[PDB]
4 protein chains.
Amino acid sequence: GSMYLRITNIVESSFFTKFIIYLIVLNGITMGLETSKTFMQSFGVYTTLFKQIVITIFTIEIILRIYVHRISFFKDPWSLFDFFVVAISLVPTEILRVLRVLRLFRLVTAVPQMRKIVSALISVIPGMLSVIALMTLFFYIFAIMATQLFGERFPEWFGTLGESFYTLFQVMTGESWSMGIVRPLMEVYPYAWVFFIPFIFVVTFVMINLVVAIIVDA
Amino acid sequence: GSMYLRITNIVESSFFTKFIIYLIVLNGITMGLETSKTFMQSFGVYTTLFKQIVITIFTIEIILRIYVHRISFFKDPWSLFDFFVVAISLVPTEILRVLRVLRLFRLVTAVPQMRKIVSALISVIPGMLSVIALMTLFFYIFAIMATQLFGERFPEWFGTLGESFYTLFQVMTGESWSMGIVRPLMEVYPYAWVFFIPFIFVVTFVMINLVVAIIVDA
Amino acid sequence: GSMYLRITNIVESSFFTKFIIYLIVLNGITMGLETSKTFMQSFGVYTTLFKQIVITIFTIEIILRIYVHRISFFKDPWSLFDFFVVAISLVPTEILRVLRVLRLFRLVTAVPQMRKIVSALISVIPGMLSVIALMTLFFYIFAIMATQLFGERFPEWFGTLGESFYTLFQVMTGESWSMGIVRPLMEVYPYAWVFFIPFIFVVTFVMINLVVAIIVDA
Amino acid sequence: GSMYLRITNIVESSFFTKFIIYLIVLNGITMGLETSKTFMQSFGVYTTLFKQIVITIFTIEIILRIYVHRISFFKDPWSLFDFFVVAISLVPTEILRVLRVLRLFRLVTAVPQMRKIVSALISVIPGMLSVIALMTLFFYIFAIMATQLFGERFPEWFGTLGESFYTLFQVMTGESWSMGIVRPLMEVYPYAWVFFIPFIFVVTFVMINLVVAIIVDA
Ligand SMILES: CCCCCCCCCCCCCC(=O)OC[C@H](COP(=O)(O)OCC[N+](C)(C)C)OC(=O)CCCCCCCCCCCCC
Ligand SMILES: CCCCCCCCCCCCCC(=O)OC[C@H](COP(=O)(O)OCC[N+](C)(C)C)OC(=O)CCCCCCCCCCCCC
Ligand SMILES: CCCCCCCCCCCCCC(=O)OC[C@H](COP(=O)(O)OCC[N+](C)(C)C)OC(=O)CCCCCCCCCCCCC
Ligand SMILES: CCCCCCCCCCCCCC(=O)OC[C@H](COP(=O)(O)OCC[N+](C)(C)C)OC(=O)CCCCCCCCCCCCC
Ligand SMILES: CCCCCCCCCCCCCC(=O)OC[C@H](COP(=O)(O)OCC[N+](C)(C)C)OC(=O)CCCCCCCCCCCCC
Ligand SMILES: CCCCCCCCCCCCCC(=O)OC[C@H](COP(=O)(O)OCC[N+](C)(C)C)OC(=O)CCCCCCCCCCCCC
Ligand SMILES: CCCCCCCCCCCCCC(=O)OC[C@H](COP(=O)(O)OCC[N+](C)(C)C)OC(=O)CCCCCCCCCCCCC
Ligand SMILES: CCCCCCCCCCCCCC(=O)OC[C@H](COP(=O)(O)OCC[N+](C)(C)C)OC(=O)CCCCCCCCCCCCC
Ligand SMILES: CCCCCCCCCCCCCC(=O)OC[C@H](COP(=O)(O)OCC[N+](C)(C)C)OC(=O)CCCCCCCCCCCCC
Ligand SMILES: CCCCCCCCCCCCCC(=O)OC[C@H](COP(=O)(O)OCC[N+](C)(C)C)OC(=O)CCCCCCCCCCCCC
Ligand SMILES: CCCCCCCCCCCCO[C@@H]1O[C@H](CO)[C@@H](O[C@H]2O[C@H](CO)[C@@H](O)[C@H](O)[C@H]2O)[C@H](O)[C@H]1O
Ligand SMILES: CCCCCCCCCCCCO[C@@H]1O[C@H](CO)[C@@H](O[C@H]2O[C@H](CO)[C@@H](O)[C@H](O)[C@H]2O)[C@H](O)[C@H]1O
Ligand SMILES: CCCCCCCCCCCCO[C@@H]1O[C@H](CO)[C@@H](O[C@H]2O[C@H](CO)[C@@H](O)[C@H](O)[C@H]2O)[C@H](O)[C@H]1O
Ligand SMILES: CCCCCCCCCCCCO[C@@H]1O[C@H](CO)[C@@H](O[C@H]2O[C@H](CO)[C@@H](O)[C@H](O)[C@H]2O)[C@H](O)[C@H]1O
Ligand SMILES: CCCCCCCCCCCCO[C@@H]1O[C@H](CO)[C@@H](O[C@H]2O[C@H](CO)[C@@H](O)[C@H](O)[C@H]2O)[C@H](O)[C@H]1O
Ligand SMILES: [Ca+2]
Ligand SMILES: [Ca+2]
Ligand SMILES: [Ca+2]
Ligand SMILES: [Ca+2]
Ligand SMILES: [Ca+2]
């Protein structure tokens, strides 16, 4: 209809998208300020009133956007994300506030250069599914072995399957791998390094190949 | 013979290989569950009975695979590995259980994309034999020097040749290289950094070249 | 005029530029010596007198350089920097001395190979503005979440927005990310790793892409 | 002369070079064994007698090699190194033994693949002289500033110019940069991170470019 054309010439207009960008930035600063407990004592009413106005504007904006292109909305991942973050931040007023902080990625969603770069980073991922699965299998296997080997005398670190996964991820990142893990272990299990030095070697060699493999796809 | 043809049309069939894959995954989950001591109190008989059934199936499968292509079996590295892991997990019921956890790499062996990627990672290795030998020689030489220099007043870290190898591998990875090693050393040996700063420099420069050399072979 | 030509055949002469280089090097050594408190007790008058002579020479040199090409001087970034560092080191005799130490980058400014390489390093930067903005937004968002999640029971590290920024930069560099932060946190907040393991993953994946993206522009 | 031809057909023969290689390997194992204090109690006379025989053989070998091609000997870097290490290990029987351990790099010198790879690693270095000089200047400048800023209240780490160089190299490698340095500093100097976060940023950005620049020369 004639009115459908007009609201789409508003929605797909550069200005309306720029306005939702401005609301996003003001809102994000607001969230930066809301951590300041003294600032909150000073301006809780002003900021919270502001929050309510910006969220209502956001909700009606998502509604109009759903109107213009319905099928396109729920098969487009950026609008899918915008829908999902606003819905998350729509519920009546614990961890939900922490997620509400994610509304600021809508600044990625709105800004075309930000879209270009995020889709670039995601387009890198398919190629390394093979190595992510290899590494996941590897971590699972060594985690079970480390749990059954050190989990009893070292419950804090290898006690269960999760704690072992975590200590193996920590060892892979390199963080206190020896003075923190392998050397305290060796006070009781002196050939513990047979388990970790090969583990280090494989992880790094794989992690280095993953980085190499990223490049060649250029 | 006519029967030899039929069992090979089963063995090299997509379905039989997929079945051994399914047994592998169920088994791997089982090994994940067997760490849960309460779950083990609950279902030790069910899981262990399951273990026995899956291992017998695996053994007869390795037998049939050896039948179809004997010479091909012991010159193929993937089947060599499958033979070796099942043989490891075949002995009567300490560290053997920990190895038995390696049966899950048979999931790498069975899955063609997993084969492709592992053979890729191995095909990277020949080219860097030269640098691995250089680095091994380097580590040996500096390990002997560090043992003879700090091994007496620092027995925990450089006392023997092994402890020195380990502290040098730890220093190469970077982990607590200073606050943990070089700075405590300098409380007694104040020009210990003449030994380590050059050591750091050479190791990293070599480690960076090894990464570079990997790429160019593309 | 005839005299303007002569002073420009001095200023743009290889020798005058080499002389200001020599003054820079002598001065830099002087600053190296001035840290030695015993050396300062010995030669405070000689070095400080030297400082005054070299700085006056520098000031009149910047004056003549401004004369030869005025518009060119304040639109050229290297001379802009030379102007700014000498002006910084021109004020009557706390933190100003620490900045005065930056006069030694004038050795970068004077030396053509140094110019070539610094302009190379700067020419790398435009291309990664997109990712620097993405990462800044990311750090802001996770910093607000970490402040509101751990800032109360962990004021030292996530108490305000700044301390959270710092602990997140520290976690990104990898330094004591677990034994130092995430594991002490988990003594009180046991699913704190839901916040950090994804955070680690995104940061590294982005940091690795930033390195990759640098290369391709070759 | 006719005899000069024969000894050169021995010296440049594959067999004579292989023999000095064998002596090198036996000797290197000997040095590995000499760290074992119980093994030394057992076989000090056998090993030391062995040492004397192998070193005399080495000396006469260096003499003959100097004979065949004199000018070529002192302008060739590999033979220069062989001369220098044997001369080092030639003096009458403290730190000299530690250097004597370097005789094992003669295994690099003798082995052609080892020569190829070491000359490759050295051939990488000229191209990065520019950045090594930039980084050295950078380290000098920030070291002077850090000494004058934190050297008094933190003598252990920034007290002199050397301790500052070391703490800056440690911070560059990343090792305990925060929990170990910057955070203890901030207990007294709360805006110390203005000095280190920029320092980190520049170092890494430069260190990443140095790695990139290595590649392109392919
Ligand atoms: C992209 C660049 C981002 C730049 C962000 C830089 C943030 C720096 C934060 C510095 C905070 C430290 C200063 C400070 O002294 O902390 C105190 C304040 C609030 O005081 P507070 O701790 O509430 O005092 C309580 C005292 N009591 C309990 C006894 C009553 O706590 C604060 O000061 C918090 C200050 C809020 C700063 C908000 C900045 C928003 C930047 C927006 C960037 C663009 C967004 C797209
Ligand atoms: C860094 C801050 C994040 C903020 C998020 C903000 C909201 C983002 C949600 C929507 C994301 C949209 C991304 C996207 O559209 O991906 C497209 C990519 C590359 O597209 P493109 O380069 O156009 O090529 C696609 C082929 N074509 C042209 C024929 C269409 O092609 C693909 O999508 C390939 C499929 C890859 C799926 C990978 C899954 C990502 C993993 C999720 C992260 C897990 C964290 C632990
Ligand atoms: C770009 C996409 C990335 C790749 C795809 C997704 C990567 C993650 C897939 C990993 C699948 C396994 C996740 C998992 O095993 O979760 C279990 C544990 C549960 O921990 P929990 O028992 O609650 O730990 C508490 C520790 N304690 C005792 C001290 C209180 O939670 C953990 O401990 C998680 C530890 C890190 C998991 C990462 C393991 C390797 C991931 C795959 C390798 C790719 C490169 C890292
Ligand atoms: C590839 C992705 C892998 C995903 C793996 C994620 C694993 C997460 C493990 C989380 C474990 C922590 C939860 C927990 O509360 O621990 C307790 C349980 C067993 O309790 P338990 O510690 O035995 O209680 C004893 C109490 N007592 C001594 C007083 C009687 O200990 C456990 O909960 C162990 C839980 C077993 C989980 C097994 C998951 C198998 C995933 C299969 C993936 C595909 C394989 C190819
Ligand atoms: C992709 C293939 C990888 C390259 C080929 C294989 C690499 C390994 C070859 C190294 C050859 C030497 C192995 C070796 O020296 O083993 C001896 C020691 C024995 O340790 P031990 O005396 O039992 O240590 C206990 C420590 N303590 C006193 C605190 C209880 O055990 C250790 O300490 C091992 C320490 C790490 C050894 C790595 C040394 C450099 C390896 C070559 C360099 C390539 C990049 C790293
Ligand atoms: C680019 C390569 C740069 C090379 C730089 C190497 C610097 C090495 C610094 C070594 C310092 C440690 C030696 C030492 O024992 O420290 C003491 C001295 C001064 O003694 P001091 O600590 O004042 O004694 C006070 C005793 N008291 C309070 C009881 C009266 O404190 C000092 O020794 C400071 C020594 C000044 C060395 C200046 C070297 C300038 C190199 C110029 C490079 C080219 C510049 C473009
Ligand atoms: C090549 C160009 C580089 C990229 C452009 C510039 C990068 C920096 C842009 C970051 C914008 C935000 C800076 C910022 O948030 O400053 C606020 C805080 C204030 O700290 P403050 O509250 O005074 O901290 C004291 C800590 N305490 C409680 C223990 C005493 O100060 C900090 O904590 C700073 C912490 C590091 C900030 C870096 C954050 C990510 C930067 C963007 C990511 C690019 C790769 C890192
Ligand atoms: C390239 C690959 C290199 C492979 C190197 C692997 C080295 C592993 C070293 C393991 C050392 C730890 C074993 C151990 O229990 O230590 C004790 C022994 C000597 O005993 P010691 O500590 O003297 O006993 C004294 C007892 N006391 C004071 C009360 C009388 O101390 C020793 O055991 C030292 C053992 C010497 C091993 C020498 C191996 C040479 C490998 C040659 C490689 C090729 C060279 C080109
Ligand atoms: C890793 C274990 C080390 C063990 C050492 C054993 C003894 C080694 C001493 C002798 C080294 C000989 C190296 C060498 O010949 O370098 C030649 C390189 C590359 O040669 P090439 O690739 O043939 O190209 C040269 C051009 N051409 C064909 C016309 C001659 O061309 C160049 O030489 C260019 C000049 C570069 C000088 C760089 C100085 C190296 C820094 C020293 C390390 C400092 C440590 C902190
Ligand atoms: C491939 C070739 C590599 C590049 C060319 C050579 C690189 C080294 C050139 C650096 C020139 C300056 C060397 C220097 O400043 O030496 C002075 C100090 C003296 O230390 P000292 O005062 O004896 O320290 C004792 C510490 N204490 C108080 C706790 C007992 O000794 C130190 O602290 C040395 C600390 C590390 C020096 C490295 C500085 C940056 C080097 C250039 C950057 C290239 C990438 C790192
Ligand atoms: C959603 C994002 C997708 C996830 C996949 C992206 C990769 C994530 C990897 C896990 C991150 C931890 O990253 C960890 O960084 C350290 C840095 O010391 C690596 O250690 C590194 O050493 C060498 C030497 O520099 C590198 O060339 C190599 O990349 C890596 O092995 C660990 O091997 C790696 O695991
Ligand atoms: C079976 C696998 C084959 C084994 C060979 C594969 C390589 C294994 C190397 C040993 C693993 C430890 O890896 C260790 O990672 C750290 C990460 O801080 C490296 O430190 C790194 O600093 C720079 C800067 O990022 C990197 O460009 C470089 O790759 C490396 O020198 C150590 O130099 C490296 O030794
Ligand atoms: C003015 C300069 C411009 C600033 C921009 C330049 C980049 C600066 C980045 C911040 C510096 C800290 O750098 C930090 O180094 C560690 C090394 O363990 C990285 O950890 C790394 O793991 C893998 C494995 O090696 C690398 O391939 C990757 O580059 C990186 O993710 C952190 O992810 C990175 O953030
Ligand atoms: C390449 C970039 C280099 C930038 C370098 C910046 C690094 C800064 C190093 C840490 C310096 C802090 O050192 C200095 O500490 C003193 C006291 O100790 C503070 O002094 C302050 O004390 C209190 C606190 O507000 C006030 O009442 C007082 O009036 C004020 O002077 C200074 O404000 C700070 O400058
Ligand atoms: C004789 C040899 C010649 C000497 C020159 C060779 C280079 C030596 C550099 C000094 C070695 C210390 O190496 C130190 O490794 C750490 C690894 O966390 C680097 O940290 C790294 O973070 C990122 C992310 O991975 C890397 O892409 C980058 O290479 C580097 O900045 C430090 O920035 C680097 O300085
Ligand atoms: Ca790391
Ligand atoms: Ca580290
Ligand atoms: Ca490391
Ligand atoms: Ca690091
Ligand atoms: Ca490091």
Q) After finding the eigenvalues of the alpha carbon gyration tensor for the protein assembly as shown, what semi-axes result from the square roots of 5 times each, listed largest first in whole Å? A) 48, 48, 28
**Q.** 3J(HN,Hα) from dihedral phi, region D:133-147, Karplus parametrisation 6.51/-1.76/1.60, rounded to Hz, x for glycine, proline
**A.** 6, 3, 5, 5, 4, 4, 4, 4, 5, 5, 5, 4, 4, 5, 4
Q: For an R0 of 51 angstrom, estimate the FRET efficiency from the Cβ-Cβ distance between D:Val194 and B:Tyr67 and round to the nearest 0.05.
A: 0.10
Q.
Can you compute the charge dipole magnitude of the protein assembly as shown about its Cα centre, using +1 on each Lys and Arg Cβ and -1 on each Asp and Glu Cβ, nothing else charged? Give it in debye, rounded to the nearest 20.
A. 1500 debye
Q.
What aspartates and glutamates does B:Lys51 reach when the alpha-carbon gap must be under 19 Å and sequence neighbours fewer than 8 apart in one chain are set aside?
A. B:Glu34, B:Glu61, B:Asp82, B:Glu94
Q. In region D:116-218, which chymotrypsin sites (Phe, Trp or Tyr not before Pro) are in a loop and have at most 12 other Cβ atoms within 10 Å, using DSSP for the loop call?
A. D:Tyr191
Q.
Suppose only helical runs count, i.e. DSSP H with n ≥ 4. What mean residue ellipticity at 222 nm does that imply for chain D under -39500 (n - 2.57) per run, divided by all residues and rounded to the nearest 500 deg cm²/dmol?
A. -24500 deg cm²/dmol
**Q.** Restricting region B:123-218 to GluC sites (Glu not before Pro) in coil, as DSSP defines it, with at most 11 other Cβ within 10 Å
**A.** B:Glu152, B:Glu187
Q) Which distances in nm, rounded to one decimal and ordered from shortest, link the label point of D:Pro112 to the equivalent label points in the other identical copies, with labels set 7 Å from Cα toward Cβ? A) 4.3, 4.3, 6.1
Q) Roughly what % of Cα-Cα distances in chain A sit above 30 Å, to the whole percent? A) 53 percent
Q: Note the distances from B:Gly127 to each other copy's matching label point, with points 7 Å along the Cα-to-beta-carbon direction, in nm, sorted shortest first.
A: 1.5, 1.5, 2.1
**Q.** Estimated FRET transfer efficiency when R0 is 56 angstrom, pair B:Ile7-A:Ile208 (beta carbons, to 0.05)
**A.** 0.85
Q) Over region A:127-217, with a single point scatterer placed on each C-alpha, what log10 of the ratio I(q)/I(0) does the Debye formula yield at q = 0.11, 0.13, 0.24, 0.25 1/Å? A) -0.32, -0.44, -1.22, -1.30
Q. Does region D:4-110 come out rounded, prolate or oblate by the C-alpha gyration tensor, with a ≥ b ≥ c the root eigenvalues, rounded set by a/c under 1.5 and, if not, prolate when a/b is larger than b/c and oblate if not?
A. prolate
(Q) Using the Cα centre of chain D as origin and beta-carbon charges of +1 (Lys, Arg) and -1 (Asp, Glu), tell me which of D:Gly180, D:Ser14, D:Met114 is placed farthest towards the positive end of the dipole. (A) D:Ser14
Q: First check a/c for region C:73-161, with a ≥ b ≥ c the square roots of the eigenvalues of its C-alpha gyration tensor; if it is under 1.5, answer rounded, and if not, answer prolate when a/b is larger than b/c or oblate otherwise.
A: oblate
Q | Separation in nanometres of the label points that stand 7 Å from Cα toward Cβ, at D:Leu49 and B:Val91 | A | 4.3 nm
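Laboratory data are not the source of any read-out in this text; all were calculated from the coordinates shown. We place every Cβ from the backbone using ideal geometry, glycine too, and count neighbours over all the protein chains shown.
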